[PDB]
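Remarks on the structure that follows.
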Amino acid sequence: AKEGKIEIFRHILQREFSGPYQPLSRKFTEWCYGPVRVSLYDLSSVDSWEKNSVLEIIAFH
Amino acid sequence: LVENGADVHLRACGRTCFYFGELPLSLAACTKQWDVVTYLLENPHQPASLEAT
């Protein structure tokens, strides 16, 4: 996040693995009624009770 | 669910939705399902209505 590199940064954020490697995923798909998808993203990129988060690094550093 | 007995005019609205239509026939038509639509209006002793509201 600090040094540009948008492609790998995007891949790490939206990382979904189906199979025996479920625990090392970041985006979990959930119940899908009709054409409506409901995704669950993980939040290690929030400044709430997290000093030196991804948002601050993108914004300032 | 139809052969034993049900209502084919069960309106579904009380307002995560995409407005498929408050009637079951509209739901079966909006989603690409020819078999369900074909089964309706023909087989049930009390079939659906193609001009429902």
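Each value in this text was obtained by applying a stated rule to the coordinates, not by laboratory testing. Cβ atoms come from the backbone with ideal geometry, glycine included; neighbour counts cover every protein chain shown.
Structure notes:
- Matching residues, the stretch A:35-61, being in contact with a helix residue (DSSP H, G or I) (Cβ under 8 Å, 6 or more places away or on another chain), part of a loop (DSSP other than H, G, I, E, B) and either loosely packed, with under 10 Cβ neighbours inside 10 Å or not acidic (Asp, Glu) (or both): A:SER44, A:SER45, A:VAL46
- Among the criteria (1) closer than 24 Å to A:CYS32 by Cβ; (2) more than 14 Å from chain A (Cβ to nearest Cβ); (3) among the charged types (D, E, K, R), the one B:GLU51 does not fulfil is (1).
- When we screen A:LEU24, A:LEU13, A:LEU40 for residues that are hydrophobic (A, V, I, L, M, F, W, C) and in contact with an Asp or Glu (Cβ under 7 Å, 6 or more places away or on another chain), the only hit is A:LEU40.
- Looking only at the stretch A:1-42, residues that are at negative phi and out of contact with any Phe, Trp or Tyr (no Cβ under 9 Å at 6 or more places or on another chain) come to 19 in all.
- Selection count, the stretch A:20-34, where residues are exposed (fewer than 11 other Cβ atoms within 10 Å of the Cβ) and under 28 Å from B:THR16 (Cβ atoms): 5
- Selected residue (criterion: nearest to B:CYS30 (Cα to Cα)) from residues of the stretch A:1-44 that are more than 14 Å from every other protein chain (Cβ to nearest Cβ) and of a type in the set (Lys, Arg): A:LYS27
- Pairs are defined by a Cβ separation below 6 Å, a sequence spacing of at least 6 or placement on different chains, a first member in the stretch B:3-24 that is in a loop (DSSP other than H, G, I, E, B), and a second member that is of a type in the set (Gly, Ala, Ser); the pairs so defined are B:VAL8/B:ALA48; B:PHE18/A:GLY34; B:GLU22/B:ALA12; B:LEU23/B:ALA52.
- Residues being over 30 Å from B:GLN33 (Cβ atoms) and not charged (D, E, K, R) - total across the stretch A:25-56: 12
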